[PDB]
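Below is one structure, written out as C-alpha cells; comments come after it.
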Amino acid sequence: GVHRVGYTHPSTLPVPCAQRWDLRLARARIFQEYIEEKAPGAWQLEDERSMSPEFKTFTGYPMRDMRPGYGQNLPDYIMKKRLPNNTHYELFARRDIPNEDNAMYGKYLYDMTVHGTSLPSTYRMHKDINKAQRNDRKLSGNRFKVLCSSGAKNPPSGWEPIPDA
Amino acid sequence: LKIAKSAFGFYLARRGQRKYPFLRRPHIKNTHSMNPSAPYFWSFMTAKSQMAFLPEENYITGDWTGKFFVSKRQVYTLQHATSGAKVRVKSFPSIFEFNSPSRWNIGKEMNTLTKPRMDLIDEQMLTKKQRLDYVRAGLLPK
Amino acid sequence: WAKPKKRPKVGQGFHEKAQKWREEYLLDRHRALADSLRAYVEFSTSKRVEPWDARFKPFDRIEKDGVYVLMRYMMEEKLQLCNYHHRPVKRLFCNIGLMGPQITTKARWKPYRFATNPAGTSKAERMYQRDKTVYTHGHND
Amino acid sequence: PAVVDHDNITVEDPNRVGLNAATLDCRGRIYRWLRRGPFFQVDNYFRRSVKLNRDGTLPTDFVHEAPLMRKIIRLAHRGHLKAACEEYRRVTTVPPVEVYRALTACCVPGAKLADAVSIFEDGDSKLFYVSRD
Amino acid sequence: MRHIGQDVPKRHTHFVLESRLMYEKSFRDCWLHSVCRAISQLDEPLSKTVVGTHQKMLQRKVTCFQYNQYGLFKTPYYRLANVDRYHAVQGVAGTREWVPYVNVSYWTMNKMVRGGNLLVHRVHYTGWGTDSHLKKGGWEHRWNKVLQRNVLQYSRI
Amino acid sequence: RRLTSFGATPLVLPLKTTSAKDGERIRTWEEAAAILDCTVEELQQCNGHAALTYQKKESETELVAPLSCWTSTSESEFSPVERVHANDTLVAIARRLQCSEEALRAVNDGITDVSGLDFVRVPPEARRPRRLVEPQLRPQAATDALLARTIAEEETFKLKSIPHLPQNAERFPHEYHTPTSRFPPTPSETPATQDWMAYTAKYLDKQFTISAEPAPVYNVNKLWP
RNA sequence: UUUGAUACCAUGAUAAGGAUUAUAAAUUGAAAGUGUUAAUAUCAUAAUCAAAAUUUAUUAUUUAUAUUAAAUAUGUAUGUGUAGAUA
Ligand SMILES: [Mg+2]
Ligand SMILES: [Mg+2]
Numbered sequence: 011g012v013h014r015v016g017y018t019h020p021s022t023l024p025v026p027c028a029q030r031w032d033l034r035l036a037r038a039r040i041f042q043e044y045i046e047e048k049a050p051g052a053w054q055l056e057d058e059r060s061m062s063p064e065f066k067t068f069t070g071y072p073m074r075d076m077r078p079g080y081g082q083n084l085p086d087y088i089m090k091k092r093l094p095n096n097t098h099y100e101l102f103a104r105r106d107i108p109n110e111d112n113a114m115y116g117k118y119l120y121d122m123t124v125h126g127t128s129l130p131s132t133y134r135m136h137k138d139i140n141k142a143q144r145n146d147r148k149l150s151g152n153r154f155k156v157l158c159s160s161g162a163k164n165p166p167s168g169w170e171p172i173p174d175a
Numbered sequence: 031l032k033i034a035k036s037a038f039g040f041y042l043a044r045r046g047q048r049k050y051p052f053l054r055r056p057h058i059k060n061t062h063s064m065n066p067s068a069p070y071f072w073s074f075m076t077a078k079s080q081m082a083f084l085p086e087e088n089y090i091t092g093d094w095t096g097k098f099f100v101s102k103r104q105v106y107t108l109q110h111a112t113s114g115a116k117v118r119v120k121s122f123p124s125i126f127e128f129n130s131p132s133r134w135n136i137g138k139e140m141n142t143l144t145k146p147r148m149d150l151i152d153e154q155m156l157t158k159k160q161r162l163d164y165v166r167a168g169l170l171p172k
Numbered sequence: 029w030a031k032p033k034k035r036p037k038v039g040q041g042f043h044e045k046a047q048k049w050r051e052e053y054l055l056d057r058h059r060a061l062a063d064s065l066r067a068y069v070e071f072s073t074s075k076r077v078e079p080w081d082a083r084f085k086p087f088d089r090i091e092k093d094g095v096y097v098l099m100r101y102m103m104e105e106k107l108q109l110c111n112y113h114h115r116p117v118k119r120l121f122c123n124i125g126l127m128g129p130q131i132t133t134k135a136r137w138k139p140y141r142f143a144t145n146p147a148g149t150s151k152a153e154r155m156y157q158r159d160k161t162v163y164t165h166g167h168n169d
Numbered sequence: 135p136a137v138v139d140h141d142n143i144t145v146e147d148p149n150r151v152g153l154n155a156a157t158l159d160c161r162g163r164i165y166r167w168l169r170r171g172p173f174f175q176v177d178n179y180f181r182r183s184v185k186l187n188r189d190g191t192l193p194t195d196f197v198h199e200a201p202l203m204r205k206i207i208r209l210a211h212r213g214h215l216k217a218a219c220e221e222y223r224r225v226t227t228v229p230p231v232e233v234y235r236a237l238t239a240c241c242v243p244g245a246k247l248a249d250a251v252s253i254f255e256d257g258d259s260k261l262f263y264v265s266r267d
Numbered sequence: 010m011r012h013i014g015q016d017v018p019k020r021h022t023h024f025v026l027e028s029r030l031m032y033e034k035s036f037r038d039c040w041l042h043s044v045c046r047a048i049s050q051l052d053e054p055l056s057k058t059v060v061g062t063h064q065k066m067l068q069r070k071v072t073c074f075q076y077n078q079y080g081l082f083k084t085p086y087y088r089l090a091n092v093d094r095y096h097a098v099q100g101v102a103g104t105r106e107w108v109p110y111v112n113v114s115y116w117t118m119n120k121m122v123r124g125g126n127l128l129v130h131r132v133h134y135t136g137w138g139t140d141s142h143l144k145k146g147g148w149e150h151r152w153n154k155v156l157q158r159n160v161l162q163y164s165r166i
Numbered sequence: 527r528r529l530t531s532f533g534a535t536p537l538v539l540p541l542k543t544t545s546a547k548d549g550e551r552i553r554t555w556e557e558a559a560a561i562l563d564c565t566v567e568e569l570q571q572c573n574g575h576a577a578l579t580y581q582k583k584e585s594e595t596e597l598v599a600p601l602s603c604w605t606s607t608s609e610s611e612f613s614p615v616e617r618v619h620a621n622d623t624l625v626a627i628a629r630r631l632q633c634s635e636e637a638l639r640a641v642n643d644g645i646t647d648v649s650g651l652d653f654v655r656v657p658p659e660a661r662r663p664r665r666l667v668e669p670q671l672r673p674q675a676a677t678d679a680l681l682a683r684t685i686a687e688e689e690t691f692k693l694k695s696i697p698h699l700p701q702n703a704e705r706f707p708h709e710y711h712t713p714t715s716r717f718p719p720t721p722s723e724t725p726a727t728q729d730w731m732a733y734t735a736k737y738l739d740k741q742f743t744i745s746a747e748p749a750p751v752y753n754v755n756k757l758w759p
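Protein chains in written order, with the authors' numbering: chain Ci, 11 to 175; chain CS, 31 to 172; chain DX, 29 to 169; chain DF, 135 to 267; chain CN, 10 to 166; chain CJ, 527 to 585, 594 to 759.
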C-alpha cells in the first residue's frame, strides 16, 4: 500500500514506551550510520541463492544485494567500499618485479659485500665473453657506440691507440 | 598479428577469434559510439545522470602552451559552436575538425559526432588481396 | 607466427576525403536526427491498435459484456488519453483494480511489435511498411 | 641531495626530484623505492625537518605554528580538554613545553590519569623530551 | 639505452616495473579521488550543517579541485596491462591466459610447472578439483566464501 | 548538571561603548581580538560580512566570537520546561526530574491536576533535567569555520541559489535521475486510500458513518521488519 | 673507450591431433612439437597507464504476451527451418 509512515511520540500514548524508530536513531548515533532517505520500502529482497538452505550455495549471509543498477560510480557505493591500500594490490606492487632478489637487497650492496665487487648480469657477461672471443679472430665487423661521444671524438692529449694488423 | 598497423602488430597475437569476459576486451574500439537513436538520444553513450558535471576534458587544467586535438570524451558546448575556434579530435587517418558548427551537436560527446568506421575506404591502404576480399563482401566495386 | 608485413602508407589526399566525408556525414545525421525526433513524437502522440489479445479471456467476451463494459463506462477517457499505447494501457488496467490480479496472469497481450501498429491497421504487412530512414527503434509509424 | 619544495611544485619539475619511470639510470631508483620501509615517506619527512638546534635548544619555537600553540594553551586553561586535544592533532612541529604543562594541568581536576599519562608519554622520547619538565 | 649494453635479455621487462609504480600512484590517489567523487555527485544534502547553497558551492569547489590535480591516478584496475615478471608475456586477467595467484601468464605458468620451479599439485584436468568449496558451486561460490572470511565473519563496530 | 564545552548559544560582541579608546564604539580588529582573547585571523574567519566590507568595521553592527570563546550557562544548556504524558501525575513528573514535589509546584503556581497542560516549568532545584539539544552533536560554528572562504564568496558573488534541476524537470519522470534516486518510484499519495472503510466513506457512499477503520493508538509499522 | 634479442639475421624446450592390453577393488586424451626460453650478432629507442582504424581459415548469439537506471557498450538480414558443402 502507499501510505505515510507514522510515528507516535511516547508523551502522547496512554502508557509511555520507547518507540522503535527512536531507538534506531540511537543506534545510528552510536555506530555512525548513514540513513538512506530514499530507500524504497517496497524493495526488501533477500538474496535467495545465498540465504536459503535450499540452494547448494548457501552461505548464511547476503553475499550480493539484489539491485540491478548498482554501480561503482554511486556515492553510496563509494561510502561503503574497501580502499586498495594494504590489500593484495600492494603486495603485488612490491613483491612481483623482474629480478626477485632486487626485492630483498640492493644488488650492488650484496655484490660488494659478498664478492669483492659489482658483478654484471648473466646476460651482459655473455655478450662480454662473446666479444672477447670473436675479437680474437676477425676484427672490423664492429662499430663504436657509446653513451657519450666526446671521449672518443676528442681523446686526451696522450692516448695514441696501438696500430692494428 | 598478420599486418602491423602500429607497433603492437609485432608484440600481440590474435589467438583466432577468442572470447573475452563480458565487457572486457583488451582494446577499446568503439565502433558503435555514433549509433543514431531519437528516443535514446540523451541516454545513449552519454552520462548516466544529467546532474553530472562535464568531464575533466572540457576544462583547461594547468598552464598550457596549447593542444593539437582535444579528447573525444569532451562534450560539445554552445561555445564550441559560437566562439569560432579550432575544435579538433583525433580520428583516423589523422584528425577530424568540427568546421561547420551546429547547435544539434550540443550536449553530446564528440565520440558521438565522429563516425569511427567510415563507409569510405582507401584503395591505396589496401593490398591487392585485401581489395579482392573487400570486393567479395560487396563493398568495393569490381 | 610469421613476422607481420608492414602496412602500406595512408593515401594521398585521403586526409581531405576523410575530413569531408565525416563532416557531411554529421551534417546529414542532423537531419536524420531531426526527422527521427519528429517521427518518435508523432508516434507517441498518435493512436495505436488495441494492445490486448482478444483470442484469450477476459477479452474474447462479446463487446457488450464483462471487461468491455468495465472499459466503456469506467476507463474509456483514460484509455483514449494514453492513445492505447500498450504500457500505459496495461498500467491503467492494473490501477482500475476491478479486474485485479488477472492483468498479467490470465489475460494475454499482443507481442511488442504488433501492439505498436497504428490504429486502423488491417493487414499484418504493416509492420514492415513503416519508414526505415528514421532511427526510432521501431517506435516510429 | 633531493629536496622537495611544497610551494613550487610544477609539471616541469626543474629540480628533477620526482621518480621518473623511464629516464636514463632510473631502474635502481625504482627498485630502491619499492624496497622502502613501512614508514619511509613519513619518517624522512619528519627527520629532515624537525631536529634539535646546534645550541641544544628545542626546535619548538616557529613563527607559523605559534598562534596554534597559543590556542591550545588557551583552550586547556578554560578546561576544554577535548577541544585542546583536537587542536593538538593538527600540529606539524614540536609543541613548546607550555602546551604540555597546560594540557596536563587540565587533566588534574577531573582525575583523568590515562589521558595525562598518554599526553606526557607523547611529548617524551618521541618529541625529544619536551615533556620532561 | 638505445640498445647499448642492455642487462636483461628482454627490454620490455622494464614495463613490469613501470606497472608497479602505477599501483603505487593509485595507493597515493585512491582515497582522495573517491572522496572527491562522492562529495561531488551527492544530490541529497551533505549534512545538517552543510546544506543548500553552501553545499552546491562546496560541491563545485571540490570537483574543481579534483580536476586540477595533474597526474592523479584515476585509471580503473581492469584497464591496466598484466605483464609477466619473468618473460614479459602479457595476458588478459579473467581469461585462461593469465594465472592469478602467481601473477604470471599461461606461457610462464606452463614453463615453470613442467620444469619443476613452482610447487603445485596436479589434479585431474577435467573436474573442479580437490577443494570442497569449488566442488560445490564452482568459481563464483569459492569467490563468495573468500568474501565471507575476509569481511562477513566480523561484526564491525 | 555539569556543562558541555561551548554551549550552543553564540557569544556576541556588540559595538556599544567599548573601550576608553572611544567610549562610543569599538573599531579595529586587533582591539576586539584583545577583548575576546583570540587570534585576529579567527575573529575574521567567523565574521565574513565585517571582514569583506572593511577592516575598520565602518558602518557592521556586531561581531561574533570564535567558537572557542563561548561560555555555556546552565540556563542556556538545560531545558527550562518539561513535556507532560497522558497519564501524568505531579508525583510522576517529580520522580522523573528528581525534584521534590513542592519545588515543582512552586515554579508552576501550586497547580494540582496537570491534565490540561502541554508543558510544565522545571525548577532549578531539579537533579535530572533534559539538555536542550544533543551534546555529542557538533556546533554549527565549527562546520562553518571549516568553510569560511566559501561563506565569504557567497556574499561577494551575491549567490541566492544555484538551481539543481532544469526548470520543467518534474514533467519528465524518467529523465532526471540523480544518482541518489532509487526504484521502484513511489506514487504520490492519495487521501482516503489506506483502508476500505475510509475509501468507501470518501468516494463510494458518502453518508457512511465510520470514516476509517479503528486505529490502534500505538504505532503500526507497515513495512516490517 | 665502447658495440646483439632491437623495428633486424642471430640453434635447443612443454601444443593440438580417438582406431583393438574390456571390467575388476580401475581414468575416454598420446612424445616426435604449437609466437615469447640457453653460445651464429654488427640498419634503425618503435609496447598498453585508458576511451583508439573490420579481411582475419580455425567462431555454438538473445527468433514474437510485457524490451536502454550508473564505467560507454553495438541500426540491423521478416521472408515455405528452405542450395552446395559441412559440425
Ligand atoms: Mg619450436
Ligand atoms: Mg617505454
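Cβ coordinates follow ideal geometry from the N, Cα and C atoms, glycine included.
Min CB distance residue 96 (chain Ci) to chain CJ below 8 Å: Residue 96 (chain Ci) does not count as touching chain CJ.
C-beta neighbour in chain CN for residue 170 (chain DF), strict 8 Å: Under the Cβ criterion of 8 Å, residue 170 (chain DF) is not counted among the residues facing chain CN.
Proximal residues of chain CN, C-beta to C-beta of residue 106 (chain Ci) below 7 Å: Under the 7 Å cutoff, chain CN gives 94 and 112.
7 Å Cβ shell around residue 583 (chain CJ) - same chain, five flanking residues per side excluded: So the list reads 553 and 576, once near-sequence residues are dropped.
Three-state secondary structure assigned by DSSP to residue 6 (chain DX): The requested residue 6 (chain DX) is not part of the displayed model; chain DX covers only 29 to 169.
Cβ shell of residue 95 (chain CN) (< 6 Å), same chain only, five flanking positions each side left out: If the five residues before and after residue 95 (chain CN) are omitted, its C-beta is found closer than 6 Å to the C-beta atoms of 117, all from its own chain and listed in chain order.
Rounded distance between the beta-carbons of residue 152 (chain DX) and residue 77 (chain DX), thought under 8 Å: In fact, because the Cβ distance is near 11 Å, the residues do not count as touching under 8 Å.
Contacts that residue 165 (chain DF) makes with chain Ci (C-beta to C-beta distance below 7 Å): Chain order gives the chain Ci residues near residue 165 (chain DF) as 112, where near means a beta carbon separation below 7 Å.
The alpha helix (DSSP H) enclosing residue 118 (chain CS), as first and last residue numbers: Where residue 118 (chain CS) is concerned, there is no enclosing alpha helix (DSSP H), although the beta strand (DSSP E) it sits in stretches over 117-119.
Proximity of residue 47 (chain CN) and residue 88 (chain Ci) at Cβ, strictly below 8 Å: Contact annotation: residue 47 (chain CN) and residue 88 (chain Ci) have beta-carbon atoms nearer than 8 Å.
Segment contact, 8 Å Cβ cut-off, at least three pairs: the stretch 39-58 of chain CN with the stretch 39-50 of chain CS: They do not touch, by the three-pair rule.
Any non-hydrogen atom of ligand 2 closer than 7 Å to residue 37 (chain CS) Cβ: Residue 37 (chain CS) Cβ: outside cutoff for every heavy atom of ligand 2.
CB contact check: residue 104 (chain CS) to chain DX, cutoff 8 Å: No, residue 104 (chain CS) lies away from the interface with chain DX (no Cβ there is under 8 Å from its Cβ).
N-terminal and C-terminal residue of the alpha helix (DSSP H) that residue 27 (chain CN) is part of: That run of the alpha helix (DSSP H) goes 22-50.
Residue environment, residue 142 (chain CS), which counts as buried when at least 16 other CB atoms sit within 10 Å: Buried is the call here.
Interface residues of the stretch 52-84 of chain DX facing chain CS [CB-CB below 8 Å]: Answer set for the stretch 52-84 of chain DX: 53, 54, 55, 57, 58, 60, 61, 62, 64, 65, 67 and 68.
Candidates DF:137, DF:172, DF:148 and DF:186: closest to residue 264 (chain DF) by CA position: Ranking the options by Cα distance to residue 264 (chain DF), first place goes to DF:186.
Cross-chain neighbours of residue 201 (chain DF) in chain CJ, by beta carbon under 8 Å: Those are 565 and 567, listed as they occur along chain CJ.
Closer than 8 Å to chain CN by CB, residue 738 (chain CJ): Among the CB atoms of chain CN, none fall inside 8 Å of the CB of residue 738 (chain CJ).
Among CJ:555, CJ:723, CJ:695 and CJ:742, the one whose alpha carbon lies nearest that of residue 14 (chain Ci): Of the candidates CJ:555, CJ:723, CJ:695 and CJ:742, the one whose C-alpha sits nearest the C-alpha of residue 14 (chain Ci) is CJ:723.
Beta carbon proximity, residue 752 (chain CJ) to chain Ci, threshold 8 Å: Yes, contact with chain Ci.
Residues near residue 128 (chain CS) in its chain [Cβ-Cβ closer than 6 Å; skip 5 each side]: So the list reads 117, once near-sequence residues are dropped.
Best match in CS:93, CS:114, CS:150 and CS:136 for proximity to residue 78 (chain CN) [C-alpha to C-alpha]: The candidate whose alpha carbon is nearest that of residue 78 (chain CN) is CS:93.
Per DSSP, cross-strand counterpart(s) of residue 114 (chain CN): Beta-bridge pairing links residue 114 (chain CN) to CN:107.
Residue 257 (chain DF) Cβ short of 7 Å to ligand 4 heavy atom set: Annotation note on ligand 4: not contained in the displayed structure, which lists ligand 1 and ligand 2 as its ligands.
Cutoff 7 Å; reference residue 158 (chain DX); Cβ partners in own chain excluding five residues on either side: If you ignore the 5 residues before and after residue 158 (chain DX), its C-beta comes within less than 7 Å of the C-beta of 168 and 169, all in its own chain and listed in chain order.
CB contact flag (residue 531 (chain CJ), residue 217 (chain DF), <8 Å): The Cβ atoms of residue 531 (chain CJ) and residue 217 (chain DF) sit closer than 8 Å to each other.
Within-8 Å CB hit, residue 63 (chain CS) to chain CJ: With 8 Å as the cut-off, residue 63 (chain CS) does not count as an interface residue toward chain CJ.
Residue 141 (chain DX) versus residue 103 (chain CN): straight-line alpha-carbon distance, rounded: Within the model, the alpha-carbon separation for residue 141 (chain DX) versus residue 103 (chain CN) is close to 39 Å.
Cross-strand partners of residue 183 (chain DX) (DSSP beta bridge): An answer regarding residue 183 (chain DX) cannot be provided, because it is not within the stretch 29 to 169 covered by chain DX.
Residue 577 (chain CJ) CB to nearest heavy atom of ligand 2 below 7 Å: Incorrect: residue 577 (chain CJ) has no Cβ contact closer than 7 Å to ligand 2.
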